[PDB]
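Engineer: coords below, sequence missing:
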């Protein structure tokens, strides 16, 4: 059964070593040419592995590991692939010594749990009540993006948004409740929190639409205003049943089947001042059902007053090429006060990269919610673990005693790659870090380079179970 | 596959037996063999075929050693022993498919051969060497297969009177190599001299001074040599000299070997005869002298009288005689078929196959004679039930000695045994 | 033979390394390769992979039978059956033993293996005071929607004593149910006297002391019950009755064999003519009629009898007996209550209803109520695991391997090697040396110390009672019974016939 | 040609015969077969295995043609005849090489077969002429041997009597005429085998339509039997043939006669069945073609075509009609028996699985064929291999007394009979050659008896104590078909195979 595992390890090592060159902003970018003729260029490890179309069954597991890496920690998608390949490369000599993979698999899970307690003792304990370290964490993380001076203004906006939804024991917080709506026009300096809710589209631009209403109810309705498929009589009963529940806000799901609102129905809704917002995406159907606490309503009989929300003021903000509608004061005790930030800018390339920049900014802050504290990057946490495992490996006994020595050697691959991608000598820089380790420990602090602890913790945890599941498959057969 | 290697040798051995099977009997089919040296010889004798065949197969060469011992012991049946050997090999083919180990197959042949001899002696009529009327007609029938017929009447008492002097009683094996057939140019068949003392192969000195005759010779009167001045020196001493003694006769004369020594020449022979050796250790060795004009006379006569001495040799070692032509082989197959129920186990089934293997000899005799194969064999089992040894070959003067039928079964049991006991062969040098 | 033996090993190799919590996993890949999945389930891998081997389809139906009983242990059935087929290669070349004789050797080894696990089996039934009290409360919950819900205390009490008092197999074959009319359900009681409806005899007494029961099935009265089609050729009317009178004289041969056994009680399914019955009066032999089928088998279980209807030799047979046979009458019908049955273990619940509708609903509801109580005997009862039970079964096989004939000597010995293969495979997936643990385990249990087992955490031999690692006993019998039936068909296969595709 | 086809016919027969040699006997192999209709079953019966074999060799096709005709006579001797006939071809190959024409081999086996019949009859024993009370036990233990290899062997005690009464009802004592068309085999999924009961009548697969209709039929104040109406004219107003585009008159005539049930092939309507519900007259829909043409002879009634001539005594009478629920199956079929002996008996077997039902169905049907041959001839012989050994010793001994060309034809027939006991000896784990010589020694020096190969494990000879008997007419039918088959094969010297288009 070794011929099946060794073939999968060598195939996975070549993929991990290829992504290893992409670590860091100075790393080597990989090119992928699709069969359709599209060519993409970027250093993202999750994007490369997704568009590579790997036919190797075990190598496809790195996509799921990189997906959970960005979903949980939000950073280290490239580093987790390097650590996965480092354990597979060191496992080549383990099979030659006659070691069964069960001991190899059980030792990685036992070493991953002990490695967390080592990092927590060396980490600096911080609290979320202090806004000094919270602003500096998101501000320095944006130095890799086009925004520079405007990054300091968006730092406190992301801090106050997470602290409200973090609470204490909530631990993991769903990121789907945070919706970034990008629109052409405006600028970065103009921002609105709008904690109630934010839609993805504008309002009716036709004649007769009020576009603004105060003290209205918002609810999800899957119905559509269309002629029979005499016309004003059929549309009269539609608006009459809506008036019974006093619903002044109609949200129609976007569908290419039929139209949204007939022009004859706009004159009827103008007298009652009922605002209608069409072109609601299918992804926003689940989003509006959470923050607003409403329920999707398929038919007209299912429409009730108890399923309708509440809105203090619904108005259309005047802006160049934007016209964004905001809702404030949802007044829902069961639903939590999430945050939806509107992104504005003149160029289309601005609001695009700005949305991706805010994703990593919210994840790093969210890492402090689950586990407080941060550890500076640059190979410091990877080498610090190997320092404690040197004397600890002598206290073990049996086959596992040799695994602790090889586990610390595989951790040195991450700081070695960081020195290679920067042009500096690989071994020379690593020896300078271990030389001063007798005096300094964490010292990178003066350069304003900070990294959360969850990234270094999840990178070891995900890579431990990954390599564990690789050695579990000793045979590959055709099943259909 | 240890057994499949042996099965390949069995199939090759049955192909040799089928080739000799067509040559059985005087009406059999001859075989043309072209030697590598260019010599072209043909004959129906199975001993000469296997000798010049130059068989390269290791197991198939065992038939040559059996045929050599068949002519050395019994003297007859060298062709029939090959057929009987191939019959047991063909019956053993179905035995290997049933999971039977050849040891039981080989061990059962020992009990089957000893039982066949005791059954054959019950129907055989015991004869004694004191009756000279039976030995004359016995050797005369063996001379009917040769061109000489009317002149064979005087050759019958020649071979009978020579054996009876050296037969004595309880002689067991009687070596016929001590009886030498002297072939000389000139004379006729009716002219023969026994000269019971001894007969040499050489003439005497034709030079001057040679006495050529001496009375009371062994003080050396007569000497043998394996110069002209040496003959004149011994001529004054009255010492007879005989030179140019063949190297082949050196071992012959050391075994059989004078009151009177003289040289009697019928026509052109110039041969010296010796009589009255009277030695205590040495017996009375007789050498037969054969005279003839053409070369084809003394040649064909040599092989005819040699087979006649073998038939008499069989009667001396084992008394009794049976009728030839496959007559006793039919009754033996009938008795062993009924007695097969007295046994138990795997060995009981071997007795049934052993009886069917003995019927190939009488079947081949009916095939080579032009008669219907299966029709004549059915008539053998029918007539032999009521009568005993009555089918009529006795009126046709066909007599086969019992020792030939006994040695043919005995040598076949050892030949087939040495075959199946070989489970593999490899290069050894 | 290669496809049925070596070809079946490759099928079992997929579930071989997946046995146990530390076992390996397998991959199921399709043409598109994006639909694949990773799981340790043995039943999913075998059914998903198309099998072109026509001999591999036999093991497919074996896993379906095991899944019906319990959803656990399906993987261990194929693995255990693969070890028996792996050793079957040596059973041909260097052995040359008939395959059915090898199967008969497994039946003798499985009989001693089940008896060895019974003595070493433990249970949580300790402190039965709390266990036996909760048995009546469970039966009351099953009375919902059933007419028996009227009285919970009296009706559930009869079901409680119908289980623990058996002291043996809990199957319904040991419980007799009688449906009668003209009464109330509250008057029902538990009686072991084996009550049945029919009576026997006319002028014979209703009490029999020291009775000898023998079970046989024959027709002694007017055989060939269908007379239509016969042709009677006789010279006179009186000569026609000679054939019937000649049959009566031949009846003495069958009666003499019965009289030599010294039995006062006879069992007959059919009727008996007056003449052979009158001869039983002088000998004091009473015949019971209308025994059906269960009545024939259940009588041999309580009295220790045999179900054979023929006599293969005089004065040799399996005879039963009972102390007292009492015949009473209740509900205007005579009843038969036996007393003093030797080693009798059984119970008979007599359900007396007021109509036919209450009898069918009570019998079907009682079977479901007793099934839950009987399930507690096979549930929660476990045995010592971790190589213990697998090695203990090898000791019982070696006992039968001592005295054996020449044909089954290598067959029984080969079964002991397959029993040690279960802890060998489990030790492989654990990451330790299997040859060292299995070898040291056999030498320890050989002389004393039958409770020892293999510890997967420490990789050594430790006491299973202190560690608390046990495995269910019902799972042990389910795998052995499934492996004995699956290997019985495969070893008998001398040729393979490909199944027709549906 | 002559030197080609004659040699190929022997090798073609040994290939097919050697396949069923492993499945011969109760210790043989149960082969899995799937019919094209969708029925799946597992049985060792050779008639089904040989029928499913499809091959282009014209010599092996004669086995299917012979097994088709033998299936009606016996059906259980398919494996016995093919192996026995192939043994005659093996001895015939050696006779051809000896110069014997193949036409003499055909006539040679005929004189040996008829001579061996008279030898077996002299050593045969009779049942009714010896012990009458053992006649019941002979039929019970005969089916136990064939059912020992199946799950039926657990309940075999009760199932042994079910096959005895089914064969007797369809036959006469003197005439002994049994037809397979008078015995049907049916079964459904669900339940167990212990609930199977012997039914004296057809199945009909009737739920009695609406449940309000009575599930049981009353005698109606001591009437004669149970009135049933067999009619091809249903209840519905008619029309002419020129169009294509009355209630109280027809229904009252049936009530006056007293017919409880009415049979009509096609289905009924809703309101059409409401008139029959008030009168307690169950209705029959979806009539199969199996419900008429024989059994009514046993009713001793009359047949009235139309409603006008109906009366009380002219209607068919049966014992009773009731609907018995079988397990959890929603079919809820019926069982109609009869007090008097009828000409048709249908067996009903239940099982927990569809494969279990079909497994016990053909296993019980084979037991009916064995009993059929036992009741045909009161004289039976000891089987288990003793019939082939005894008949071989008589031919082999008399072969020497018969001279001529046929002398060797008789010896080959005696050796061919030894194939059967040697085949069963290999399937029983015994030496085929050692057992054959052992059986011949015990029947010669000790005493003349019948001792065959042991089907069940034992330590010695003399199975006669076990009272294992086989029918004389069953064994005699096998040697006649095996001899006729060997003669029929020799009559074809050329194999003509046409091409395809």
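Structural biologist: Cool, the structure landed. Numbering: from 1, shown residues only, chains lettered A, B, ... in the order given.
Engineer: Correct me if wrong: residue C:226 contacts residue D:172.
Structural biologist: No: look at residue C:226 against residue D:172 with C-beta atoms under 8 Å: they stay out of range, at 9.0 Å. Every C-beta, even on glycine, is put in place using the N, C-alpha and C of the backbone.
Engineer: Quick check: closest non-adjacent residue to residue A:223.
Structural biologist: The shortest distance from residue A:223 to any residue other than its chain neighbours is 6.1 Å, reached at residue A:300 (C-beta to C-beta, 6 or more residues apart in numbering or on different chains).
Engineer: Over to residue A:105?
Structural biologist: Nearest residue to residue A:105, sequence neighbours excluded (C-beta to C-beta, 6+ apart): residue A:468, at 4.3 Å.
Engineer: That neighbour is in contact with residue A:108, isn't it?
Structural biologist: Yes: applying C-beta under 8 Å, one finds residue A:468 in contact with residue A:108, separated by 5.9 Å.
Engineer: List the contacts of the nearest residue to residue C:382 once chain neighbours are set aside.
Structural biologist: In space, residue C:382 comes closest to residue C:470 once its chain neighbours are excluded; the distance is 3.8 Å by C-beta to C-beta, 6+ apart. With contact taken as C-beta atoms under 8 Å, 6 or more residues apart in numbering or on different chains, residue C:470 is in contact with C:122, C:382, C:383, C:384, C:385, C:464.
Engineer: Report the separation between residue C:470 and residue B:11.
Structural biologist: Residue C:470 sits 66 Å away from residue B:11 when distances are taken as C-beta to C-beta, to the nearest Å.
Engineer: Contact partners for residue D:421?
Structural biologist: Shown in contact with residue D:421 (C-beta under 8 Å, 6+ apart): D:385, D:388, D:389, D:432, D:435, D:436, D:439, D:452, D:453.
Engineer: okay if I get the contacts of residue C:470 as CSV plus secondary structure?
Structural biologist: Output for the contacts of residue C:470, formatted as CSV (DSSP: H, G, I helix; E, B strand; the rest coil):
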residue, secondary structure
C:122, strand
C:382, strand
C:383, strand
C:384, strand
C:385, coil
C:464, helix
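Engineer: picking that back up, separation between the residue nearest to residue C:382 and residue C:476?
Structural biologist: 11 Å.
Engineer: intersection of neighbour lists for those two?
Structural biologist: In contact with both residue C:470 and residue C:476: residue C:383, using C-beta under 8 Å, 6+ apart.
Engineer: Relative to residue D:443, which of the contacts of residue C:470 is nearest.
Structural biologist: Closest approach between those and residue D:443, by C-beta to C-beta: residue C:383, at 54.9 Å.
Engineer: Give me the nearest residue to the residue of chain C found nearest chain A, chain neighbours excluded.
Structural biologist: Taking C-beta to the nearest C-beta, chain A has its nearest neighbour within chain C at residue C:431, 3.1 Å off. Leaving out its chain neighbours, the residue that sits closest to residue C:431 by C-beta to C-beta, 6+ apart is residue A:102, at 3.1 Å.
Engineer: check which helix or strand covers the one you found.
Structural biologist: Assessed by DSSP states H and E, residue A:102 sits inside helix A:101-122.
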